[PDB]
Structure formats: C-alpha cells, structure tokens
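Asker: This is the content of upload09.txt (compact mmCIF, C-alpha atoms and all ligand atoms):
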# COMPACT_ATOMS: atom_id res chain seq x y z
CA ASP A 1 114.15 122.12 117.08
CA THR A 2 116.16 119.06 115.75
CA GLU A 3 113.11 117.73 113.69
CA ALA A 4 112.68 118.83 110.01
CA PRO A 5 109.27 119.57 108.41
CA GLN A 6 107.35 116.36 107.46
CA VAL A 7 105.63 115.96 104.04
CA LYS A 8 102.64 114.01 102.86
CA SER A 9 102.39 114.08 98.98
CA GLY A 10 100.48 111.36 96.84
CA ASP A 11 100.60 109.28 93.64
CA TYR A 12 100.69 112.14 91.09
CA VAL A 13 99.38 110.77 87.72
CA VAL A 14 99.27 113.33 84.82
CA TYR A 15 98.09 112.98 81.23
CA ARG A 16 99.43 114.43 77.91
CA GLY A 17 97.34 117.44 76.66
CA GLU A 18 95.69 117.90 80.10
CA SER A 19 96.19 120.29 83.03
CA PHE A 20 96.84 118.74 86.46
CA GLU A 21 96.56 119.94 90.06
CA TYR A 22 97.80 118.07 93.18
CA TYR A 23 98.48 119.26 96.75
CA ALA A 24 101.05 118.21 99.40
CA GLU A 25 100.58 118.88 103.17
CA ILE A 26 103.71 120.00 105.09
CA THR A 27 103.73 120.03 108.94
CA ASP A 28 106.52 120.96 111.38
CA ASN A 29 106.67 120.74 115.22
CA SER A 30 107.54 124.53 115.26
CA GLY A 31 104.22 125.07 113.36
CA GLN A 32 105.96 127.27 110.76
CA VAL A 33 107.54 126.63 107.32
CA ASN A 34 109.62 129.39 105.62
CA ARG A 35 110.43 127.83 102.23
CA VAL A 36 109.28 124.91 100.01
CA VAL A 37 111.33 123.67 96.97
CA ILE A 38 110.38 120.73 94.67
CA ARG A 39 113.40 119.31 92.81
CA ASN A 40 115.34 116.44 91.20
CA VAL A 41 117.61 114.28 93.43
CA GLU A 42 120.79 115.70 91.72
CA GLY A 43 122.44 118.94 92.96
CA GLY A 44 123.62 120.45 96.26
CA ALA A 45 121.55 121.45 99.32
CA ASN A 46 120.81 124.82 97.58
CA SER A 47 119.81 123.17 94.23
CA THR A 48 116.34 124.35 93.02
CA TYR A 49 116.73 122.56 89.60
CA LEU A 50 113.39 120.89 88.64
CA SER A 51 112.73 119.03 85.35
CA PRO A 52 110.42 118.76 83.31
CA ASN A 53 110.09 122.59 82.86
CA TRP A 54 106.21 122.39 82.69
CA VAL A 55 105.94 121.24 86.35
CA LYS A 56 105.05 124.46 88.30
CA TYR A 57 104.46 124.94 92.05
CA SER A 58 103.40 127.68 94.50
CA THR A 59 102.84 127.91 98.30
CA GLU A 60 100.76 130.69 99.92
CA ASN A 61 101.34 132.29 103.36
CA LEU A 62 105.03 131.18 103.71
CA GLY A 63 107.03 132.55 106.69
CA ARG A 64 104.00 133.19 108.92
CA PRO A 65 103.59 131.54 112.37
CA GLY A 66 101.05 128.66 112.64
CA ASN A 67 101.10 128.06 108.84
CA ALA A 68 102.17 124.37 109.23
CA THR A 69 100.39 122.67 112.21
CA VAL A 70 98.71 119.22 112.45
CA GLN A 71 95.28 121.05 112.60
CA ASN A 72 95.93 123.35 109.61
CA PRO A 73 98.98 121.93 107.41
CA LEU A 74 100.80 124.13 104.87
CA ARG A 75 99.47 123.22 101.36
CA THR A 76 101.74 123.27 98.25
CA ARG A 77 100.02 123.36 94.80
CA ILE A 78 101.83 121.13 92.17
CA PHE A 79 100.32 121.97 88.74
CA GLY A 80 101.08 122.39 85.03
CA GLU A 81 99.99 121.57 81.49
CA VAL A 82 101.53 118.37 80.13
CA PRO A 83 102.66 118.92 76.52
CA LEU A 84 101.35 116.66 73.67
CA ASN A 85 104.89 115.69 72.60
CA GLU A 86 105.86 114.24 75.98
CA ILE A 87 107.19 110.73 75.74
CA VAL A 88 105.23 107.76 77.17
CA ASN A 89 106.45 104.10 77.05
CA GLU A 90 106.07 102.12 80.22
CA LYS A 91 108.78 103.71 82.43
CA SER A 92 107.38 107.25 81.97
CA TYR A 93 107.86 108.54 85.46
CA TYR A 94 109.99 111.17 87.33
CA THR A 95 110.74 110.63 91.01
CA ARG A 96 110.95 114.08 92.67
CA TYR A 97 111.52 115.37 96.21
CA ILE A 98 109.74 118.02 98.34
CA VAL A 99 112.18 119.96 100.58
CA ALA A 100 110.78 122.42 103.14
CA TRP A 101 112.76 124.55 105.66
CA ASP A 102 111.44 125.41 109.18
CA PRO A 103 112.76 128.57 110.97
CA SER A 104 115.83 126.66 112.41
CA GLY A 105 117.19 125.80 108.91
CA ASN A 106 116.25 122.12 109.31
CA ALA A 107 115.39 120.67 105.90
CA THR A 108 113.36 117.53 105.03
CA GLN A 109 115.77 114.63 104.38
CA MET A 110 115.94 113.18 100.83
CA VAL A 111 116.18 109.34 101.08
CA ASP A 112 116.34 107.30 97.81
CA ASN A 113 113.89 104.45 98.62
CA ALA A 114 110.46 103.42 97.10
CA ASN A 115 109.04 102.96 100.66
CA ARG A 116 109.12 106.82 101.05
CA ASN A 117 106.88 107.34 97.94
CA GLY A 118 103.83 109.51 98.94
CA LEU A 119 105.79 111.39 101.68
CA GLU A 120 108.69 113.87 100.78
CA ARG A 121 109.38 111.62 97.72
CA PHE A 122 106.59 111.33 95.07
CA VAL A 123 106.38 109.77 91.61
CA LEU A 124 105.04 111.94 88.79
CA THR A 125 103.61 109.45 86.28
CA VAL A 126 103.05 110.77 82.75
CA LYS A 127 100.44 108.77 80.83
CA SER A 128 98.72 109.09 77.48
CA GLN A 129 95.53 111.12 77.30
CA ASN A 130 93.35 108.01 76.74
CA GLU A 131 94.16 106.70 80.28
CA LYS A 132 92.41 109.73 81.87
CA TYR A 133 89.02 108.77 80.28
CA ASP A 134 86.81 105.69 80.64
CA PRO A 135 84.02 105.90 78.00
CA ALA A 136 80.48 105.61 79.53
CA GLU A 137 77.83 103.14 78.23
CA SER A 138 76.24 105.18 75.47
CA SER A 139 72.62 104.91 74.19
CA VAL A 140 72.31 102.04 71.68
CA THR A 141 71.85 103.19 68.05
CA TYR A 142 69.48 100.77 66.22
CA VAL A 143 70.77 100.47 62.60
CA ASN A 144 69.42 98.67 59.52
CA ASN A 145 72.30 96.17 59.18
CA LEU A 146 75.37 95.57 61.51
CA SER A 147 77.63 94.61 58.50
CA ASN A 148 76.87 97.78 56.50
CA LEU A 149 76.46 100.96 58.55
CA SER A 150 75.66 104.11 56.44
CA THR A 151 77.53 107.44 56.81
CA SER A 152 74.54 109.01 58.65
CA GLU A 153 74.31 105.87 60.85
CA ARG A 154 78.00 106.22 61.74
CA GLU A 155 77.48 109.93 62.39
CA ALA A 156 74.66 109.01 64.78
CA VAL A 157 76.85 106.56 66.70
CA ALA A 158 79.58 109.16 67.16
CA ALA A 159 76.99 111.64 68.43
CA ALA A 160 75.45 109.17 70.87
CA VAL A 161 78.94 108.41 72.19
CA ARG A 162 79.53 112.16 72.52
CA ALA A 163 76.18 112.67 74.32
CA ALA A 164 77.03 110.03 76.99
CA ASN A 165 80.63 111.40 77.37
CA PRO A 166 80.49 115.19 77.79
CA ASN A 167 83.87 115.27 79.66
CA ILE A 168 85.90 114.07 76.65
CA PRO A 169 87.98 116.95 74.98
CA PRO A 170 85.96 119.05 72.44
CA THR A 171 88.83 118.54 69.90
CA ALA A 172 88.90 114.73 70.40
CA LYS A 173 87.84 113.02 67.10
CA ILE A 174 85.16 110.28 67.46
CA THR A 175 85.15 108.00 64.36
CA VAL A 176 83.01 104.89 63.70
CA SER A 177 83.97 102.09 61.22
CA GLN A 178 81.63 100.18 58.81
CA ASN A 179 80.71 97.59 61.49
CA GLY A 180 80.17 100.06 64.36
CA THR A 181 83.51 99.89 66.20
CA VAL A 182 84.17 103.28 67.79
CA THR A 183 87.61 104.89 67.98
CA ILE A 184 88.24 107.94 70.15
CA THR A 185 91.46 109.71 69.01
CA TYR A 186 92.51 112.26 71.70
CA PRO A 187 94.57 115.44 71.05
CA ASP A 188 97.88 113.58 71.89
CA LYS A 189 96.96 110.81 69.30
CA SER A 190 96.36 108.03 71.87
CA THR A 191 93.09 106.13 71.44
CA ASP A 192 90.26 104.31 73.18
CA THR A 193 88.05 101.72 71.49
CA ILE A 194 84.42 100.73 72.06
CA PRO A 195 83.28 97.38 70.60
CA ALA A 196 80.34 97.64 68.23
CA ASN A 197 78.11 95.32 70.32
CA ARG A 198 78.00 97.93 73.16
CA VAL A 199 76.85 100.81 70.82
CA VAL A 200 74.90 99.37 67.82
CA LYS A 201 72.17 96.72 67.41
CA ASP A 202 69.82 95.79 64.56
CA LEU A 203 66.57 93.81 64.42
CA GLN A 204 67.82 91.41 61.63
CA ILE A 205 67.31 88.45 64.05
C1 LIG B 301 123.14 112.80 86.83
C2 LIG B 301 123.16 111.91 88.01
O1 LIG B 301 124.15 111.39 88.38
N1 LIG B 301 122.05 111.73 88.63
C3 LIG B 301 121.92 110.67 89.54
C4 LIG B 301 120.60 110.07 89.26
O2 LIG B 301 120.73 109.53 88.00
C5 LIG B 301 120.55 108.88 90.12
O3 LIG B 301 119.39 108.15 89.80
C6 LIG B 301 118.17 108.82 89.84
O4 LIG B 301 117.62 108.49 91.07
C7 LIG B 301 116.28 108.83 91.24
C8 LIG B 301 115.77 108.59 92.63
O5 LIG B 301 116.18 109.66 93.40
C9 LIG B 301 115.52 107.90 90.38
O6 LIG B 301 115.77 106.57 90.74
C10 LIG B 301 115.91 108.22 88.97
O7 LIG B 301 115.45 107.20 88.22
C11 LIG B 301 114.28 107.40 87.16
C12 LIG B 301 113.18 108.12 87.98
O8 LIG B 301 112.44 107.54 88.72
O9 LIG B 301 113.05 109.32 88.00
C13 LIG B 301 113.39 106.40 86.15
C14 LIG B 301 112.54 106.88 85.08
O10 LIG B 301 112.42 105.70 84.35
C15 LIG B 301 113.24 107.96 84.36
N2 LIG B 301 112.24 108.55 83.56
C16 LIG B 301 112.31 108.58 82.29
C17 LIG B 301 111.23 109.28 81.58
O11 LIG B 301 113.19 108.10 81.71
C18 LIG B 301 113.78 108.97 85.35
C19 LIG B 301 114.38 110.17 84.65
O12 LIG B 301 115.47 109.76 83.89
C20 LIG B 301 114.89 111.25 85.55
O13 LIG B 301 113.91 111.59 86.45
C21 LIG B 301 115.11 112.46 84.72
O14 LIG B 301 115.45 113.52 85.56
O15 LIG B 301 114.72 108.39 86.18
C22 LIG B 301 117.40 108.01 88.83
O16 LIG B 301 117.77 108.23 87.50
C23 LIG B 301 120.68 109.32 91.55
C24 LIG B 301 120.55 108.21 92.54
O17 LIG B 301 120.23 106.98 91.91
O18 LIG B 301 121.93 109.86 91.65
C25 LIG B 301 122.00 111.05 90.98
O19 LIG B 301 123.26 111.44 91.36
NA NA B 302 111.17 121.56 112.93
NA NA B 303 90.80 105.03 78.50
Would you encode the structure as structure tokens?
Answerer:
Amino acid sequence: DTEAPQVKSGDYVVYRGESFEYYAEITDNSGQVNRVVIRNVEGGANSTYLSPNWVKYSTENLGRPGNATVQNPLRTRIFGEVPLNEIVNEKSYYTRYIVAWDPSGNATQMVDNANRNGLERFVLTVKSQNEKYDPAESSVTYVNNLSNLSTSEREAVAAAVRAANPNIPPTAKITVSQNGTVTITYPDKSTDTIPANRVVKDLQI
C-alpha cells in the first residue's frame, strides 16, 4: 500500500450561540483506517494541536477491517458549540486539515491550496447567529394606523412573527418599533430586520 486514505469533507459553516454537526467520509484502498486527527497546519507529523478549543471530533469503529471502503466509508463527526464571544468580521474562518492513517502508516498529505477545500482540507466559517435564520413571511397584523402602532399592536406583531418562525431561539428578543419595523436580536447580539410593509397593514386608504 503506497496510497494514503482519501478524505471528502465539505463547506463547514457554523454560527455563534449554536451547536453544529458535520461529517467527513474517509476511504482507503486497504479498506481500513486506524486513526483520524483534525488539526491546524502548524506542527510536526505527530502534532494533534487543534484550535479553536470548542471544535470537537470523534470516529467510531476505528482499527476494524472494512471500516473505510467505497461502499461503506469511515464517518468522522465534527461538532461543537460555538461561543457567543467568538469574533466575526469578514475573514472569520479557520482552514483545518483531516489526517487519517491506514494500517501501513501512510497518512493523508496536507497541501496548502484552496483547490483542495472540501477534501482533506476544509474551511470552518464562523458567522453571526443571524446568518443561520431567514425569517418566514408572517401573518399580516391589521393595525389602526401605520404611523402610530400601540404597545398591544406591537406585541401582536412580535407574536405573529414568532408564530411563523418557531425555529428561532426561545431567548431571541423580537422587538417592534412605532412604525412596525421588526428587529430580531439573537443571543450573540446580531440582528435581522423585517420591513414594516411585510408584517403590518391598515385600512386608512
Ligand atoms: C505559526 C505559523 O508559522 N504558522 C504558519 C501559518 O501561519 C501559515 O499560514 C496559515 O496557513 C493556513 C493554510 O494552511 C491558512 O492559510 C492560515 O490562514 C488563515 C486561515 O485560513 O486559517 C486566515 C483566517 O483569516 C485566519 N482566521 C482568523 C480568524 O483570523 C486564520 C487563523 O489565523 C488561523 O487559522 C488561526 O489558527 O488564518 C494561515 O495563517 C502556514 C502556511 O501559510 O504556515 C504555518 O507554518
Ligand atoms: Na492505503
Ligand atoms: Na438572517
């Protein structure tokens, strides 16, 4: 065996305040994989160093024959809970490498090129919480006057938004302004906005 185990990963996007779960498929021509390590480029062959500390991983049934074939690939779970204080800007990504060893000691090669992304090399992209959610079209709340929404009227718009969006975090704050504009403030303090014309109407015309 002169061929190392091959890896197919993916575009791993994660969000602040949310759990994530991705899987990579590892195959080898020997049909067996004895070890899987996910790590930073820096370090020696033996380096297991992986940052950020909240990125966890596990692989079941390691070191067993036929655990990494084309018909039934070895699966590696890449999971964790992104903290709320993680930094996001526009270059908020960590390029990491998946290294697996077959019984011969052959290890997946780490090549520093963007054309390998989604194979042994993957990009973990950390985004704000708001990017995970796309607010659904909620039921229209008919109000008395579009300039002048009352406190109960604004409470009814928040609730309608909540009714049409059950997936949004229970602790996310939905607030409505005097003219009906909706602001969803997630646990990490990012925000989405819904224009008033999509959620409130009156019969003043
Ligand atoms: C200490 C040292 O010498 N290490 C170098 C390492 O710096 C150097 O560059 C790293 O190469 C990898 C590719 O293997 C990436 O290109 C790293 O760049 C980026 C990344 O993609 O990960 C950009 C991103 O903008 C940065 N993220 C944030 C949030 O800032 C990350 C991030 O700094 C690191 O991931 C943190 O661990 O870096 C790049 O830095 C490589 C080869 O270029 O050589 C090692 O010896
Ligand atoms: Na092999
Ligand atoms: Na969004």
Asker: Could you give me, as a compact mmCIF listing (two decimals) with C-alpha atoms, in the coordinates of the input, every polymer residue with an atom at most 8 Å away from an atom of ligand LIG 301 (chain B), counting all atoms listed in the file?
Answerer:
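Final file, part_8.txt:
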# COMPACT_ATOMS: atom_id res chain seq x y z
CA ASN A 40 115.34 116.44 91.20
CA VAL A 41 117.61 114.28 93.43
CA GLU A 42 120.79 115.70 91.72
CA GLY A 43 122.44 118.94 92.96
CA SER A 51 112.73 119.03 85.35
CA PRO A 52 110.42 118.76 83.31
CA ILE A 87 107.19 110.73 75.74
CA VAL A 88 105.23 107.76 77.17
CA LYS A 91 108.78 103.71 82.43
CA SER A 92 107.38 107.25 81.97
CA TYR A 93 107.86 108.54 85.46
CA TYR A 94 109.99 111.17 87.33
CA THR A 95 110.74 110.63 91.01
CA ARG A 96 110.95 114.08 92.67
CA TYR A 97 111.52 115.37 96.21
CA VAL A 111 116.18 109.34 101.08
CA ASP A 112 116.34 107.30 97.81
CA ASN A 113 113.89 104.45 98.62
CA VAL A 123 106.38 109.77 91.61
Asker: Pick out the closest residue to residue 61 in chain A from this set: A:128, A:179, A:34, A:9. Count all atoms listed in the file.
Answerer: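 Result for the nearest residue to residue 61 in chain A: A:34.
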Asker: Just how far from CA of residue 59 in chain A is atom NA of ligand NA 302 (chain B), in Å to one decimal?
Answerer: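 Distance between the two atoms: 18.0 Å.
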Asker: Determine, counting only C-alpha atoms, which protein, DNA and RNA residues have an atom within 6 Å of an atom of residue 33 in chain A; residues of the same chain fewer than 3 positions away are not included. Present the result as a list in words.
Answerer: residues 63, 101 and 102 of chain A
Asker: Dump the neighbourhood of ligand NA 303 (chain B) as a VMD selection string: all residues within 12 Å, distances computed on all atoms listed in the file.
Answerer: chain A and resid 15 127 to 136 168 183 to 186 190 to 194
Asker: Taking only C-alpha atoms and all ligand atoms into account, which residues are within 6 Å of ligand NA 302 (chain B), as a list in words?
Answerer: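 Taking only C-alpha atoms and all ligand atoms into account, the residues around ligand NA 302 (chain B) at most 6 Å away are residues 1, 3, 4, 5, 28, 29, 30 and 102 of chain A.
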Asker: Please measure the separation of CA of residue 201 in chain A and CA of residue 152 in chain A, giving the value in Å to one decimal.
Answerer: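 CA of residue 152 in chain A lies at a distance of 15.3 Å from CA of residue 201 in chain A.
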Asker: What is the distance between CA of residue 120 in chain A and CA of residue 12 in chain A, in Å to one decimal?
Answerer: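 Rounded to one decimal, the two atoms are 12.7 Å apart.
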Asker: Could you check which of A:204, A:6, A:167, A:151 is closest to residue 98 in chain A, using all atoms listed in the file?
Answerer: A:6
Asker: I'd like the neighbourhood of residue 154 in chain A as number ranges by chain, where a residue qualifies if any of its atoms comes within 8 Å (using only C-alpha atoms), though same-chain residues fewer than 5 positions away should be ignored.
Answerer: A: 149, 175-178, 180
Asker: Take the selection from the previous step and output its residues with C-alpha atoms, as an mmCIF file, keeping the file's coordinate frame.
Answerer:
data_model
loop_
_atom_site.group_PDB
_atom_site.id
_atom_site.type_symbol
_atom_site.label_atom_id
_atom_site.label_comp_id
_atom_site.auth_asym_id
_atom_site.auth_seq_id
_atom_site.Cartn_x
_atom_site.Cartn_y
_atom_site.Cartn_z
ATOM 1 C CA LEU A 149 76.460 100.960 58.550
ATOM 2 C CA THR A 175 85.150 108.000 64.360
ATOM 3 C CA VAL A 176 83.010 104.890 63.700
ATOM 4 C CA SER A 177 83.970 102.090 61.220
ATOM 5 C CA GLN A 178 81.630 100.180 58.810
ATOM 6 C CA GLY A 180 80.170 100.060 64.360
#
Asker: Write out as an mmCIF file with C-alpha atoms, keeping the file's coordinate frame the residues lying within 12 Å of residue 140 in chain A, counting all atoms listed in the file and excluding same-chain residues fewer than 4 positions away.
Answerer:
data_model
loop_
_atom_site.group_PDB
_atom_site.id
_atom_site.type_symbol
_atom_site.label_atom_id
_atom_site.label_comp_id
_atom_site.auth_asym_id
_atom_site.auth_seq_id
_atom_site.Cartn_x
_atom_site.Cartn_y
_atom_site.Cartn_z
ATOM 1 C CA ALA A 136 80.480 105.610 79.530
ATOM 2 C CA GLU A 153 74.310 105.870 60.850
ATOM 3 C CA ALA A 156 74.660 109.010 64.780
ATOM 4 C CA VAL A 157 76.850 106.560 66.700
ATOM 5 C CA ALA A 158 79.580 109.160 67.160
ATOM 6 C CA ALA A 159 76.990 111.640 68.430
ATOM 7 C CA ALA A 160 75.450 109.170 70.870
ATOM 8 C CA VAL A 161 78.940 108.410 72.190
ATOM 9 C CA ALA A 163 76.180 112.670 74.320
ATOM 10 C CA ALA A 164 77.030 110.030 76.990
ATOM 11 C CA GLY A 180 80.170 100.060 64.360
ATOM 12 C CA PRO A 195 83.280 97.380 70.600
ATOM 13 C CA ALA A 196 80.340 97.640 68.230
ATOM 14 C CA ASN A 197 78.110 95.320 70.320
ATOM 15 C CA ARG A 198 78.000 97.930 73.160
ATOM 16 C CA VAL A 199 76.850 100.810 70.820
ATOM 17 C CA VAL A 200 74.900 99.370 67.820
ATOM 18 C CA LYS A 201 72.170 96.720 67.410
ATOM 19 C CA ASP A 202 69.820 95.790 64.560
#
Asker: Nearest residue to residue 62 in chain A out of A:37, A:45, A:107, A:203, using all atoms listed in the file?
Answerer: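 Nearest to residue 62 in chain A: A:37.
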